[PDB]
Each structure stands twice: as C-alpha cells, then as structure tokens.
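A.B. asks: A single structure is presented below for examination.
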Amino acid sequence: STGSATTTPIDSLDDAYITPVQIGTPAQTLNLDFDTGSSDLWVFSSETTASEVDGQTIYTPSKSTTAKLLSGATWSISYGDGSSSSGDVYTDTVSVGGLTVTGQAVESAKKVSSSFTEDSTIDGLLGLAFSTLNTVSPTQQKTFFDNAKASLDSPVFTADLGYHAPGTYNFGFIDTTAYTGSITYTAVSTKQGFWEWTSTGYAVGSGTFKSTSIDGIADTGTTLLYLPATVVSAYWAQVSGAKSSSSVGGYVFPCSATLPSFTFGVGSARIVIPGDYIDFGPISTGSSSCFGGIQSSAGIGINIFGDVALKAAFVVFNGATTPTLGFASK
C-alpha cells in the first residue's frame, strides 16, 4: 500500500504545515501537524477543556463506531518550545492520503497549553519520530508510520515541504518526479529516538564550503534551522545590521536586507536554502526589524534541521531495519 497527502502552510510565514487526516468511522477529518521530532498522535477532542479550545476541529470518539477506549492509558508531552498537552487514549481507524491503519492509538487531549489553544489552524500532531519516544503510559504505543510499515510497498515516507506553497507527504514510495538529480543517503542514529544524522558542513552565500561535522535532527515539527553559535554567527555577519537580540530572543535583521543563501552538506552533496527562506518577517506588526530563520542551538542541547532547511529539499525518511535519511534538491 501507499498514501499521499498534501501538506499546507498554516500562514504566510510557513510557521508550520497541516495535513488532513481521517480518524474514525464515519471519518472525522482533522488537520494535523506532521512532526518527525515526536512520536505521539494527539488531537483536540470532545474531552478537551472547553476554555482551551478556540476554533480547532475536534475528534469526538463517541461518534466513531470503531473507537475503543484504551483502558488505563494516559499521555503527557512537553515540546522543545515549551508547549504541552495531555489526556487519555483511544484506538481507532486512521487514514492519511488513502493509507489506512486500524487500531492506531489516537491520543485525546484533556488539556493543552496556551500556544496550542491560540493556534486555531492546528487540530493536533501526528508524530513520525521513532516509537521509543511515545509518551503513552503504562503501555507505550506505536506511531502511524510504525503501524503502517509492514503494509507499505517500501518502508519509507517522504517530506516535500513547500516554500510559501503546498507540498506533499508520501508513504510507501519515492516519487522520482518530485526532485532533481540524485537522492543522497546518510546514516541515522536512533539512540535519542530522533531522525538524527550528521551534516558534512556549510557555506554562507557564495562563500567557500566549510567541512565540519554537524550532528542534528530532521524535524518537520520545528519551524526554523537551529545550528551551533559559530555557524549562525558566520551567517548573520554577512547581513548588514543583523544582530542577536536577547529581548527578541534571537537574531534579527533589517527588513530592508537581501539575505544570502545557506548551504548545508549531505555527504558529498549540497542543499541550498535560498535567502528568502530565512526571512520570517517583522518581529511585531509594522516593525522594520525582521526575525531570522537561522538561529543558535546553544542551550537547546541539539541542532535542529527544521522546516527552513527541510523545505529546500526532497527528504526520504527510510525506515528500513537500519534507518537512513535521504536528501535531494528539487
């Protein structure tokens, strides 16, 4: 089997992407944030504290004839941005772009933090990291990908995120029309539960390539590109007037600038992030100070190849017995 679904930016800045997901019988369609940096499928629901729901579409398990309470199961998660959610668990039928899993753990939110409430466009998350990170207790649950894997034509999914435009998540096949040149595969460590790999270096604009190992994670659920302070300083030093602002919480730059591209290495291959991808617009409405899309990972504890990087590539998440990551230009 295979699945194919369109993923759509939630706003004009590509702050996140939502993908429609069918849950239950009859289908309840929710727009979820596909997140290769976490491993829980959780949804706004009929159980969510009413004051914490503001515009989202909710899952009502009592209206699904295939929903079954997973007795005794609870979940609780906190993300790297400080947001959180928690609740109980159902199993139900879940389909993505034509691909169907029965008995998928659907984690029903009883509580969500304010950032989730304030984002009316995201109805929940669908985790695509390794199932070892799943928070369900006392019996850890498998991700959608994990559950589908054996049935897929090939044990892979691919992320093809758009710049200010829709893109695609495919399951079970590689669309050879969706990229240019070749796919370069690189090793993955699953020891932290992430799609963790090592970039071979970087370049700023038309500058020379710096060969240096950068360990980080391929994370569709993170907006920006988070890299070591040395690398990030070298980038923003090429933008007149750019500076790190502790009051804003990162590098800002004059909205009148033309940003340079940023290249990262995948083995001997190179992915180029156009400068426009690195502009996240005014820090506040009407400001001429703009927020940068490349930020320091210092104090995160890990480097993160978020959407800014990933949307510049066609990315293969290869879930073979020995997982690997593949990157192509497009």
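Ordered as shown in the structure tokens, chains take letters A, B, and onward, while each chain numbers its residues from 1 and ligands are numbered from 1 in the order shown.
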Write out as a list in words the residues lying within 6 Å of residue A:235, counting only C-alpha atoms and excluding same-chain residues fewer than 3 positions away.
C.D. replies: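 Residues near the query, excluding close chain neighbours: residues 204, 232 and 238 of chain A.
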A.B. asks: For residue A:12, find every residue with an atom within 10 Å (counting only C-alpha atoms), except residues of its own chain fewer than 6 positions away, and show them as an MDAnalysis selection string.
C.D. replies: chainID A and resid 163:165 280:281
A.B. asks: What are the closest atom pairs, with distances in Å to one decimal, for each residue of stretch 202-283 of chain A lying within 10 Å of stretch 116-128 of chain A, using only C-alpha atoms, rows by chain and rising residue number, as JSON lines?
C.D. replies:
```
{"residue": "A:219", "atom": "CA", "partner": "A:128", "partner_atom": "CA", "distance": 9.2}
{"residue": "A:220", "atom": "CA", "partner": "A:128", "partner_atom": "CA", "distance": 9.1}
{"residue": "A:221", "atom": "CA", "partner": "A:125", "partner_atom": "CA", "distance": 8.8}
```
A.B. asks: Assign secondary structure with DSSP using the backbone only, and return the residues of stretch 173-292 of chain A in strand (DSSP E or B) as a ChimeraX atom specification.
C.D. replies: /A:184-187,189,196-204,210-218,225-227,243-245,250-254,262-266,269-273,279-282,289-292
A.B. asks: One decimal, Å: what's the distance from atom CA of residue A:167 over to atom CA of residue A:321, could you say?
C.D. replies: 27.5 Å
A.B. asks: Which residue is closest to residue A:193? Choose from A:76, A:131, A:93, A:140 and count only C-alpha atoms.
C.D. replies: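 Among the listed residues, A:131 lies closest to residue A:193.
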A.B. asks: Do a neighbour search on residue A:230 at 12 Å with only C-alpha atoms, toss out local chain neighbours closer than 4 positions, and write the hits as a PyMOL selection string.
C.D. replies: chain A and resi 202+210+212+214+226+234-237+294-298
A.B. asks: Which neighbours of stretch 175-183 of chain A fall inside 7 Å, counting only C-alpha atoms, when residues of the same chain fewer than 5 positions from it are skipped, and could you give them as a list in words?
C.D. replies: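 Answer for this query is residues 314, 326, 327, 328, 329 and 330 of chain A.
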A.B. asks: From the options A:255, A:74, A:15, A:317, which residue's atoms come nearest to residue A:286, counting only C-alpha atoms?
C.D. replies: A:255
A.B. asks: Using only C-alpha atoms, which residues sit within 8 Å of residue A:52 once same-chain residues fewer than 4 positions away are excluded, as an NGL selection string?
C.D. replies: :A and (48 or 111-114 or 117)
A.B. asks: Could you please take those selected residues and save C-alpha atoms as a short mmCIF file (atom, residue, chain, number, x, y, z; two decimals), in the first residue's frame?
C.D. replies:
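Wrote it out as result_0.cif, contents follow:
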```
data_model
loop_
_atom_site.label_atom_id
_atom_site.label_comp_id
_atom_site.auth_asym_id
_atom_site.auth_seq_id
_atom_site.Cartn_x
_atom_site.Cartn_y
_atom_site.Cartn_z
CA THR A 48 -10.54 18.90 25.77
CA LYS A 111 -5.53 19.68 28.45
CA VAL A 112 -3.43 21.74 26.03
CA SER A 113 -1.13 24.70 26.72
CA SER A 114 -1.96 28.18 25.55
CA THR A 117 -5.26 26.97 22.02
#
```
A.B. asks: Excluding same-chain residues fewer than 5 positions from stretch 42-47 of chain A, what lies within 8 Å of it counting only C-alpha atoms, as JSON, numbers by chain?
C.D. replies: {"A": [32, 53, 56, 57, 58, 59, 60, 61, 106, 107, 108, 109, 110, 123, 124, 125, 126]}
